[PDB]
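Comments concern the structure below.
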Amino acid sequence: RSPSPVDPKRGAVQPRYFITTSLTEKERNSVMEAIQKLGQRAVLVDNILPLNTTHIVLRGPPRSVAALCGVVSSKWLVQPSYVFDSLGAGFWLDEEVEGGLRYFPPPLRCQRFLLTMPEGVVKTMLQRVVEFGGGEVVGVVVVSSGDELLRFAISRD
């Protein structure tokens with residue numbers, strides 16, 4: 001978060017549809033209350049992503065299925081601090097200056113992926129992430145771990 005302490009850069013005025021992933025109950029409620037308190041066209045949506053999703057709140061790097069789906073569908077991935085800092089500033093801050101992540105255009109789109117791992121929940125989840133991003137799983141990018149898929153996704157264009 002490298003905002004200016006004098007004139008912190010404002011985010012665009014536009015609806016923000018927040019979801020959270022893998023937060024504690026406590027910090028999810030604090031994020032909810034802060035979104036509700038600032039308002040300014042933002043709402044917290046309840047739980048794969050709700051179709052109205054623009055922003056995913058998560059602590060740390062993308063790890064959950066919801067977070068990876070956000071990575072590959074050009075959602076903003078922001079830390080809880082994005083919400084609290086914006087409430088402190090009095091308006092929604094610029095997502096990029098706050099350190100938020102967004103990968104546009106959708107990486108994986110029209111890309112083909114060979115998942116060199118055995119069958120199981122992890123392979124199934126990665127297939128769903130690939131498809132959610134508009135990619136196809138080969139029944140040209142070889143992936144042996146979710147980590148490798150994430151590094152591909154954040155390093156395009």
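Letters for chains follow the order of the structure tokens (A, B, ...), residue numbers begin at 1 for each chain, and ligand numbers begin at 1 in the order shown.
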Legend entry - helix (DSSP H, G or I) positions in chain A, given as a ChimeraX atom specification: /A:25-38,65-72,80-89,121-132,146-153
Taking a cut-off of 12 Å and counting only C-alpha atoms, can you build a table that, for each residue of region 110-157 of chain A near region 58-65 of chain A, reports the nearest atom pair and how far apart they are in Å (one decimal), sorted by chain then residue number, as JSON lines?
{"residue": "A:121", "atom": "CA", "partner": "A:65", "partner_atom": "CA", "distance": 11.2}
{"residue": "A:122", "atom": "CA", "partner": "A:65", "partner_atom": "CA", "distance": 9.8}
{"residue": "A:123", "atom": "CA", "partner": "A:65", "partner_atom": "CA", "distance": 11.7}
{"residue": "A:124", "atom": "CA", "partner": "A:65", "partner_atom": "CA", "distance": 10.7}
{"residue": "A:125", "atom": "CA", "partner": "A:65", "partner_atom": "CA", "distance": 6.9}
{"residue": "A:126", "atom": "CA", "partner": "A:65", "partner_atom": "CA", "distance": 8.2}
{"residue": "A:127", "atom": "CA", "partner": "A:65", "partner_atom": "CA", "distance": 10.8}
{"residue": "A:128", "atom": "CA", "partner": "A:65", "partner_atom": "CA", "distance": 8.7}
{"residue": "A:129", "atom": "CA", "partner": "A:65", "partner_atom": "CA", "distance": 7.2}
{"residue": "A:130", "atom": "CA", "partner": "A:65", "partner_atom": "CA", "distance": 10.9}
{"residue": "A:132", "atom": "CA", "partner": "A:65", "partner_atom": "CA", "distance": 10.5}
{"residue": "A:146", "atom": "CA", "partner": "A:63", "partner_atom": "CA", "distance": 8.8}
{"residue": "A:147", "atom": "CA", "partner": "A:63", "partner_atom": "CA", "distance": 8.8}
{"residue": "A:149", "atom": "CA", "partner": "A:63", "partner_atom": "CA", "distance": 11.4}
{"residue": "A:150", "atom": "CA", "partner": "A:62", "partner_atom": "CA", "distance": 8.2}
{"residue": "A:151", "atom": "CA", "partner": "A:62", "partner_atom": "CA", "distance": 10.7}
{"residue": "A:153", "atom": "CA", "partner": "A:62", "partner_atom": "CA", "distance": 11.3}
{"residue": "A:154", "atom": "CA", "partner": "A:62", "partner_atom": "CA", "distance": 10.6}
Any chance you can output those residues with N, CA and C atoms as a PDB file, in the first residue's frame?
ATOM      1  N   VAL A 121      -9.144 -34.510  -5.775  1.00  0.00           N
ATOM      2  CA  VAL A 121      -9.784 -33.213  -5.541  1.00  0.00           C
ATOM      3  C   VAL A 121      -8.948 -32.053  -6.085  1.00  0.00           C
ATOM      4  N   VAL A 122      -7.619 -32.133  -5.988  1.00  0.00           N
ATOM      5  CA  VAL A 122      -6.812 -31.001  -6.439  1.00  0.00           C
ATOM      6  C   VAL A 122      -6.898 -30.882  -7.954  1.00  0.00           C
ATOM      7  N   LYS A 123      -6.744 -32.009  -8.652  1.00  0.00           N
ATOM      8  CA  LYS A 123      -6.863 -31.981 -10.106  1.00  0.00           C
ATOM      9  C   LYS A 123      -8.236 -31.486 -10.525  1.00  0.00           C
ATOM     10  N   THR A 124      -9.284 -31.945  -9.838  1.00  0.00           N
ATOM     11  CA  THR A 124     -10.648 -31.527 -10.162  1.00  0.00           C
ATOM     12  C   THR A 124     -10.820 -30.024  -9.971  1.00  0.00           C
ATOM     13  N   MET A 125     -10.325 -29.496  -8.850  1.00  0.00           N
ATOM     14  CA  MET A 125     -10.398 -28.053  -8.613  1.00  0.00           C
ATOM     15  C   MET A 125      -9.650 -27.256  -9.673  1.00  0.00           C
ATOM     16  N   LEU A 126      -8.449 -27.697 -10.048  1.00  0.00           N
ATOM     17  CA  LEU A 126      -7.698 -26.958 -11.060  1.00  0.00           C
ATOM     18  C   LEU A 126      -8.400 -27.011 -12.414  1.00  0.00           C
ATOM     19  N   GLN A 127      -9.020 -28.142 -12.751  1.00  0.00           N
ATOM     20  CA  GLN A 127      -9.820 -28.188 -13.979  1.00  0.00           C
ATOM     21  C   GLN A 127     -10.949 -27.159 -13.923  1.00  0.00           C
ATOM     22  N   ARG A 128     -11.596 -27.018 -12.761  1.00  0.00           N
ATOM     23  CA  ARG A 128     -12.679 -26.041 -12.662  1.00  0.00           C
ATOM     24  C   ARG A 128     -12.151 -24.618 -12.770  1.00  0.00           C
ATOM     25  N   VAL A 129     -10.956 -24.364 -12.236  1.00  0.00           N
ATOM     26  CA  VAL A 129     -10.355 -23.035 -12.351  1.00  0.00           C
ATOM     27  C   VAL A 129     -10.011 -22.736 -13.805  1.00  0.00           C
ATOM     28  N   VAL A 130      -9.406 -23.709 -14.489  1.00  0.00           N
ATOM     29  CA  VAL A 130      -9.058 -23.523 -15.896  1.00  0.00           C
ATOM     30  C   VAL A 130     -10.301 -23.174 -16.700  1.00  0.00           C
ATOM     31  N   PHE A 132     -13.218 -22.003 -15.584  1.00  0.00           N
ATOM     32  CA  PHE A 132     -13.768 -20.724 -15.145  1.00  0.00           C
ATOM     33  C   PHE A 132     -13.035 -19.557 -15.792  1.00  0.00           C
ATOM     34  N   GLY A 146      -1.128 -26.571  -8.380  1.00  0.00           N
ATOM     35  CA  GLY A 146      -1.894 -25.341  -8.446  1.00  0.00           C
ATOM     36  C   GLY A 146      -0.991 -24.126  -8.426  1.00  0.00           C
ATOM     37  N   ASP A 147       0.138 -24.240  -7.726  1.00  0.00           N
ATOM     38  CA  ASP A 147       1.147 -23.192  -7.692  1.00  0.00           C
ATOM     39  C   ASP A 147       1.629 -22.822  -9.096  1.00  0.00           C
ATOM     40  N   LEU A 149       0.029 -23.274 -11.985  1.00  0.00           N
ATOM     41  CA  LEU A 149      -1.063 -22.596 -12.674  1.00  0.00           C
ATOM     42  C   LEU A 149      -1.171 -21.145 -12.231  1.00  0.00           C
ATOM     43  N   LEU A 150      -1.047 -20.886 -10.925  1.00  0.00           N
ATOM     44  CA  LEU A 150      -1.162 -19.512 -10.446  1.00  0.00           C
ATOM     45  C   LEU A 150      -0.027 -18.653 -10.990  1.00  0.00           C
ATOM     46  N   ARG A 151       1.192 -19.200 -11.039  1.00  0.00           N
ATOM     47  CA  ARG A 151       2.306 -18.405 -11.554  1.00  0.00           C
ATOM     48  C   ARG A 151       2.138 -18.116 -13.040  1.00  0.00           C
ATOM     49  N   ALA A 153      -0.808 -17.754 -14.487  1.00  0.00           N
ATOM     50  CA  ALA A 153      -1.927 -16.828 -14.589  1.00  0.00           C
ATOM     51  C   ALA A 153      -1.517 -15.395 -14.278  1.00  0.00           C
ATOM     52  N   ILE A 154      -0.594 -15.189 -13.327  1.00  0.00           N
ATOM     53  CA  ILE A 154      -0.226 -13.831 -12.924  1.00  0.00           C
ATOM     54  C   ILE A 154       0.917 -13.248 -13.742  1.00  0.00           C
TER      55      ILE A 154
END
Determine, using only C-alpha atoms, which residues of region 50-79 of chain A have any atom at most 6 Å from an atom of region 105-115 of chain A, and tabulate each with its shortest atom pair and distance in Å to one decimal place, rows ordered by chain and then rising number, as CSV.
residue,atom,partner,partner_atom,distance
A:72,CA,A:106,CA,5.4
A:73,CA,A:106,CA,5.4
A:74,CA,A:106,CA,5.5
Mind dumping a table of every region 67-154 of chain A residue within 10 Å of region 20-25 of chain A, with the nearest atom pair and its distance in Å to one decimal, using only C-alpha atoms, sorted by chain and rising number, as CSV?
residue,atom,partner,partner_atom,distance
A:67,CA,A:21,CA,6.9
A:77,CA,A:20,CA,9.6
A:78,CA,A:20,CA,9.6
A:79,CA,A:20,CA,9.7
A:80,CA,A:20,CA,9.0
Would you save the residues from that selection as a CSV table (one decimal), in the first residue's frame, using N, CA, C and O atoms?
chain,number,residue,atom,x,y,z
A,67,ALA,N,-10.4,-17.7,-4.6
A,67,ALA,CA,-9.4,-16.8,-5.0
A,67,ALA,C,-8.8,-17.0,-6.4
A,67,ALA,O,-8.6,-16.1,-7.1
A,77,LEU,N,-8.4,-8.7,-6.3
A,77,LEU,CA,-8.1,-9.4,-5.1
A,77,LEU,C,-7.4,-8.4,-4.2
A,77,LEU,O,-6.3,-8.0,-4.4
A,78,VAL,N,-8.1,-8.1,-3.1
A,78,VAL,CA,-7.6,-7.1,-2.2
A,78,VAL,C,-7.5,-7.7,-0.8
A,78,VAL,O,-8.2,-8.6,-0.4
A,79,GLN,N,-6.6,-7.1,0.0
A,79,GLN,CA,-6.4,-7.5,1.4
A,79,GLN,C,-7.5,-6.8,2.3
A,79,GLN,O,-8.1,-5.8,1.8
A,80,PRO,N,-7.8,-7.3,3.5
A,80,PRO,CA,-8.8,-6.6,4.3
A,80,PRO,C,-8.4,-5.1,4.5
A,80,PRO,O,-9.2,-4.3,4.7
Legend entry - Best match for closeness to residue 17 (chain A) among A:3, A:104, A:36, A:30, counting only C-alpha atoms: A:36
Selection near region 84-98 of chain A, 10 Å with only C-alpha atoms, sequence-local residues under 6 positions removed, as a PDB file with C-alpha atoms, in the first residue's frame:
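Output contents, as saved in out12.pdb:
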ATOM      1  CA  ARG A   1       0.000   0.000   0.000  1.00  0.00           C
ATOM      2  CA  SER A   2       1.865   3.082  -1.237  1.00  0.00           C
ATOM      3  CA  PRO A   3      -0.858   5.734  -1.038  1.00  0.00           C
ATOM      4  CA  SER A   4       0.048   9.413  -0.615  1.00  0.00           C
ATOM      5  CA  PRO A   5      -0.642  10.521   2.982  1.00  0.00           C
ATOM      6  CA  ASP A   7      -3.984  13.280  -1.183  1.00  0.00           C
ATOM      7  CA  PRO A   8      -4.503   9.505  -1.273  1.00  0.00           C
ATOM      8  CA  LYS A   9      -5.599   8.507  -4.753  1.00  0.00           C
ATOM      9  CA  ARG A  10      -9.336   7.889  -5.060  1.00  0.00           C
ATOM     10  CA  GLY A  11     -10.708   4.775  -6.678  1.00  0.00           C
ATOM     11  CA  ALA A  12     -13.249   5.158  -9.409  1.00  0.00           C
ATOM     12  CA  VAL A  13     -16.834   5.869  -8.469  1.00  0.00           C
ATOM     13  CA  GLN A  14     -18.663   2.723  -9.487  1.00  0.00           C
ATOM     14  CA  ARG A  16     -18.084  -2.625  -5.890  1.00  0.00           C
ATOM     15  CA  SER A  30     -15.216  -6.542  10.583  1.00  0.00           C
ATOM     16  CA  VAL A  31     -14.832  -6.308   6.799  1.00  0.00           C
ATOM     17  CA  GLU A  33     -19.211  -3.723   8.915  1.00  0.00           C
ATOM     18  CA  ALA A  34     -16.556  -1.504   7.320  1.00  0.00           C
ATOM     19  CA  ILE A  35     -18.003  -1.947   3.821  1.00  0.00           C
ATOM     20  CA  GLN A  36     -21.458  -1.131   5.205  1.00  0.00           C
ATOM     21  CA  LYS A  37     -20.126   1.901   7.074  1.00  0.00           C
ATOM     22  CA  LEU A  38     -18.330   3.482   4.083  1.00  0.00           C
ATOM     23  CA  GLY A  39     -21.016   2.680   1.524  1.00  0.00           C
ATOM     24  CA  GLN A  40     -20.293   4.692  -1.630  1.00  0.00           C
ATOM     25  CA  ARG A  41     -21.836   2.072  -4.020  1.00  0.00           C
ATOM     26  CA  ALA A  42     -20.168  -0.901  -2.355  1.00  0.00           C
ATOM     27  CA  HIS A  55     -13.686  -7.683  -5.571  1.00  0.00           C
ATOM     28  CA  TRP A  76      -9.777  -7.471  -7.913  1.00  0.00           C
ATOM     29  CA  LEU A  77      -8.073  -9.411  -5.112  1.00  0.00           C
ATOM     30  CA  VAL A  78      -7.584  -7.088  -2.159  1.00  0.00           C
TER      31      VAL A  78
END
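If you look at CA of residue 117 (chain A) and CA of residue 145 (chain A), they are 7.5 Å away from each other.
Atom pair CA of residue 54 (chain A) / CA of residue 26 (chain A): separated by 22.4 Å.
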Inset, instruction - Run DSSP on the backbone and grab whatever in region 46-132 of chain A lands in strand (DSSP E or B); send it over as a VMD selection string. - result: chain A and resid 55 to 57 76 to 78 93 101 112 to 115
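CA of residue 69 (chain A) lies 13.3 Å from CA of residue 47 (chain A).
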Inset, instruction - Determine the nearest neighbour of residue 66 (chain A) from the options A:83, A:142, A:19, A:6, counting only C-alpha atoms. - result: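 Nearest candidate to residue 66 (chain A) out of A:83, A:142, A:19, A:6: A:19.
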